[PDB]
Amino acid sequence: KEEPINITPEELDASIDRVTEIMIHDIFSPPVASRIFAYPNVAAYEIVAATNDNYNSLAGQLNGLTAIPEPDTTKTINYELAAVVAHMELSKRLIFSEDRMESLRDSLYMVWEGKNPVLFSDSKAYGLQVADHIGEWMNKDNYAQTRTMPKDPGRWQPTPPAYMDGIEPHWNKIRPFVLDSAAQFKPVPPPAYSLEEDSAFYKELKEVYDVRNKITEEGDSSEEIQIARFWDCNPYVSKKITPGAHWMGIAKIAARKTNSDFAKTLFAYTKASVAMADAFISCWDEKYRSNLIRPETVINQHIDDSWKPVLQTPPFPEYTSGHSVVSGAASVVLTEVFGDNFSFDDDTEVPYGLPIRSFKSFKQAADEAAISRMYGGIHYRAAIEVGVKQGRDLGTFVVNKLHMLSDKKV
């Protein structure tokens, strides 16, 4: 009983799709979701790097990460199999409903164990050894400690309908993967809160107000409303994926469209997920520095008590926009991996109630994701424009810092 086990990139995708689904169920927030995607990819990628002379190890490149154990030269191991095992095991550790990862895992294990028990056993064992190593490092990143950390008129207020307390005030205290510090990409400050009619703040408030009213005047056909809903990606609305998950989905689309092999797929997902996790830290750092009031609050208190945004306002401060920062970063990474002018059909939102939208490039998609927040009535211009810059600057740094691809024969 010694058939080969063919591991394909679609099995990695299976793990990431299941964790995605579980995240929705367990009600993970946008920044916490980015941490769930990153660590399991790093573990799998390290397995690949240790065994493929075209890819360099991230040990020594990511903060605190040391070399993984090498595989036993006396055993025949299928390294892709080990990489999938590592990915699933860490993914399971990072969500609450572990039984839902275990079901996916056990169903793969049963076929593998059935075809080649010895290869399966040796390969699983190595995958689990690596997951333990990577688990030790992930458990030193300050997430556990921040779980029980204690909790002008421009200050952010919780917003209706739910008036939830701000999400993840201390996300800036998580260990970044690549950044030298959480604040490395701190942006310029937002315009000073002001109700003076000639002020920069008031101009931007008036823009939010006016855009929403133009959308009203066009009616519910309007393309703006479709764009706002496509990118909304807010699990607190009173079944949706977060923005990091959506970009993980675009990374998958690109990898499948290019017929990228297991190693190239993992490379891409790892570079993207690491960048996004650092993008959330950078963006949340600024959110809780500037702690800026959301547009509906100022509009309903000072301008028009009947006005409502197209989208529900997320429960966290305004500046800079998460969508803008994370899309900026992700766009830069995918452009670097798969190229500019990469056209694609984005079907990531089809299982979540939406149609397909087509794009001519990752840059174009990011630009749409950023302006969707203006159509949505929940961000001012500065949070969007400055946020895209912040994410593109951060994603540039990540791509310039991480040396992963390194062809054996050049």
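All residue numbers are counted from 1 along the displayed sequence.
Interval residue 151-residue 152, deposited residues with no coordinates in the entry (none, 1 to 3, 4 to 9, 10 or more): Missing in between: 4 to 9 residues.
Between residue 238 and residue 239 - deposited residues without coordinates, as a size class: 10 or more residues are missing.
Mean C-alpha B-factor comparison - 193-201 and 301-309, higher one: According to the entry, 193-201 carries the higher average C-alpha B-factor.
Higher-scoring stretch by recorded Cα B factor average, 138-146 or 284-292: The entry gives the higher C-alpha B-factor average to 138-146.
Selection by C-alpha B-factor (highest) of 46, 70, 385, 367: Across 46, 70, 385, 367, the entry lists the biggest C-alpha B-factor for 70.
Which of 217, 210, 261, 336 ranks first by CA B-factor in the deposited coordinates: Across 217, 210, 261, 336, the entry lists the biggest C-alpha B-factor for 217.
CA B-factor ranking of residue 35, expressed as a third of its chain: Within its chain, residue 35 is a middle-third residue by C-alpha B-factor, going by the deposited values.
Residue 179 CA temperature factor, ranked by third within the chain: Middle third.
Chain-relative CA temperature factor third for residue 395: Middle third, going by the recorded CA B-factors of the chain.
Relative C-alpha B-factor of residue 317, binned into the chain's lowest, middle or highest third: It belongs to the lowest third of the chain when residues are ordered by C-alpha B-factor.
Relative C-alpha B-factor of residue 244, binned into the chain's lowest, middle or highest third: It falls in the middle third of the chain.
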